[PDB]
Amino acid sequence: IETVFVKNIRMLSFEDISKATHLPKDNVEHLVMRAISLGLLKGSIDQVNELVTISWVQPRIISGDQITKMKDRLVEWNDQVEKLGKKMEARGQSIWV
Amino acid sequence: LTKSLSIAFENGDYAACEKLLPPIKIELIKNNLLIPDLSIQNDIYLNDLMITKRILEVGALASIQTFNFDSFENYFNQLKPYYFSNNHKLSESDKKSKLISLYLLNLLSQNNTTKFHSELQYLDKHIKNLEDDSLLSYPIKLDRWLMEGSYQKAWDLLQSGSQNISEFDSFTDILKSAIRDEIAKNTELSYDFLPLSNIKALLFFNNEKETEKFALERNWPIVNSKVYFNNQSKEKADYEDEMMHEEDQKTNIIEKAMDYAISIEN
């Protein structure tokens, strides 16, 4: 739940998960399944691409470190709209009636 | 003085031509004033024309022989209207037929193919059967083989082209290189890799060490005796994305839809 949340990616190879939790591939598959039953993560599993694509994360307590991570994500989208907005000012100049 | 350029060519000392030519260039203006540059032709003018022409033609060959392509280009341009105006009675030379052969090679060797076809159209009606194609065959047939895409027939005409010397070896040597680069571009699309041996045969070398050196300079790494044509292609492409003009030429989704609404609403 920690690894998906903190990352801006939301697909992880089982290799990364295997190394972290010191589990075999048989047990990553159970662990992922349990998260889904209890409702602590929801998602779907490709054991043919070898990913776990999580699609929802349970909100939890947000501590000092996480706010900084949350914050940066927001600066990127704020700047992205502003850049994008100049072109849309530029184009279709004739009419703004 | 004027006459010295004419006998200097016969010596065979062709740098001596060029170092002699500056006085003759001032004296060539005097020659130009005698003819009206052929806006009327008369028989007084007909003696004079031979004089004006003779100076240009021997400079022209002499320049090619010292590998001064630039100077050659200017000469050819002066000469061309003189053959062009008037019913024949002194509008050709022994030298002309050879001269047109050399100019056609210069365009091919610089790879200005655009001007190679324009020039031949204009040329056609002076060489059709009147000087005919007798020496002119050499850039013409080469051309037929390059259009077809027979880089093979093209290579052979160059290879047999060194037995007969008139002075065409100053542009044959350049055309040998022109072919390799053309082949080199086409084979990137075809495949990613050719073994070292298959490269030598296609791109026309006589040493396996030259083949490898050429590849390094051209931005293909040979690693494990397999060339990677894809390298250069990625790098050229990366460069186009590096410079910016770029957003409008491709056109965004947003940009297409903004253009529709404003066309209407005027």
# chains A, B, ... in the order shown; residues from 1 in each chain; ligands from 1
>>> interface_residues(of="chain A", to="chain B", cutoff="10 Å", atoms="only C-alpha atoms", output="number ranges by chain")
A: 87-88, 90-95
>>> residues_around(residues="stretch 138-148 of chain B", least_positions_apart="6", cutoff="9 Å", atoms="only C-alpha atoms", output="number ranges by chain")
B: 101-102, 104-105, 108, 154-155, 157-158, 161
>>> atom_distance(atom1="atom CA of residue B:196", atom2="atom CA of residue B:212")
7.9 Å
>>> residues_around(residues="stretch 213-221 of chain B", least_positions_apart="3", cutoff="8 Å", atoms="only C-alpha atoms", output="number ranges by chain")
B: 209-210, 227-232
>>> select_by_dssp(residues="chain A", states="helix (DSSP H, G or I)", output="ChimeraX atom specification")
/A:2-6,14-21,25-38,64-90
>>> residues_around(residues="residue A:6", least_positions_apart="6", cutoff="9 Å", atoms="only C-alpha atoms", output="PyMOL selection string")
chain A and resi 66+69-70
>>> write_last_selection(atoms="N, CA and C atoms", output="PDB file, in the first residue's frame")
ATOM      1  N   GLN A  66       5.197  12.901   3.243  1.00  0.00           N
ATOM      2  CA  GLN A  66       4.195  12.722   2.155  1.00  0.00           C
ATOM      3  C   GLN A  66       3.689  14.009   1.625  1.00  0.00           C
ATOM      4  N   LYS A  69       5.766  15.323  -1.126  1.00  0.00           N
ATOM      5  CA  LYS A  69       5.508  14.547  -2.329  1.00  0.00           C
ATOM      6  C   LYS A  69       4.237  14.837  -3.051  1.00  0.00           C
ATOM      7  N   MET A  70       3.145  15.054  -2.240  1.00  0.00           N
ATOM      8  CA  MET A  70       1.835  15.495  -2.696  1.00  0.00           C
ATOM      9  C   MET A  70       1.912  16.786  -3.290  1.00  0.00           C
TER      10      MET A  70
END
>>> atom_distance(atom1="atom CA of residue A:78", atom2="atom CA of residue A:41")
28.3 Å
>>> atom_distance(atom1="atom CA of residue B:134", atom2="atom CA of residue B:165")
14.1 Å
>>> closest_atom_pairs(of="stretch 93-139 of chain B", to="stretch 74-82 of chain B", cutoff="12 Å", atoms="only C-alpha atoms", output="tab-separated table")
residue	atom	partner	partner_atom	distance
B:93	CA	B:82	CA	11.2
B:95	CA	B:79	CA	11.6
B:96	CA	B:79	CA	9.6
B:98	CA	B:76	CA	12.0
B:99	CA	B:76	CA	8.1
B:100	CA	B:76	CA	8.5
B:101	CA	B:76	CA	11.5
B:102	CA	B:76	CA	9.8
B:103	CA	B:76	CA	7.7
B:104	CA	B:76	CA	11.0
B:106	CA	B:76	CA	11.4
B:119	CA	B:80	CA	11.4
B:122	CA	B:80	CA	10.7
B:123	CA	B:80	CA	9.7
B:126	CA	B:80	CA	10.8
